[PDB]
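Quick notes on the structure that follows.
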Ligand SMILES: [Zn+2]
Ligand SMILES: [Zn+2]
Ligand SMILES: [Zn+2]
Ligand SMILES: [Zn+2]
Ligand SMILES: [Zn+2]
Ligand SMILES: [Zn+2]
């Protein structure tokens, strides 16, 4: 479970970075 | 942007499945 | 923890619904 | 759309904090 949670966290960090970028492009 | 958002959607689909699985394990 | 996980799942379900909508608007 | 994406970002910020907290509890 620890490893699963770490992977989900890394995904959400990526989402924050990606959505902040889209925000800027818009 | 559309391709990006598709990838995010796919991630969230995986997150719901994994977190639901974790919730049952616990 | 169970309740926290359920809330995160509900958020991600909303994200899927919202991003599918944005997808369509774009 | 920009307002929507901001709300998603805010959610993911909460998710990273909560999942990290869960990861420590476990
Ligand atoms: Zn996310
Ligand atoms: Zn960038
Ligand atoms: Zn997620
Ligand atoms: Zn999400
Ligand atoms: Zn709608
Ligand atoms: Zn999330």
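Residue numbers (this note's numbering), protein chains in the order written: chain A, 6 to 31; chain B, 6 to 31; chain C, 6 to 31; chain D, 6 to 31.
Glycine is no exception: its CB is placed at the ideal position from the N, C-alpha and C atoms.
{"query": "Closer than 5 Å from C-beta to any heavy atom of ligand 1: which residues, in chain order?", "result": "A:17, A:20, D:17"}
{"query": "Does ligand 5 have even one heavy atom less than 8 Å from the beta-carbon of residue 22 of chain B?", "result": "no"}
{"query": "State yes or no: is the beta carbon of residue 19 of chain C nearer than 9 Å to at least one beta carbon in chain D?", "result": "yes"}
{"query": "Please tell me whether, using a cut-off of 8 Å, the distance from the CB of residue 13 of chain D to the nearest non-hydrogen atom of ligand 4 is below it.", "result": "yes"}
{"query": "Suppose contacts are defined by Cβ-Cβ distances below 9 Å. Is residue 28 of chain D in contact with residue 14 of chain A by that definition?", "result": "yes"}
{"query": "CB-CB under 7 Å to residue 16 of chain D, same chain, minus the five flanking residues each way: which ones, in chain order?", "result": "none"}
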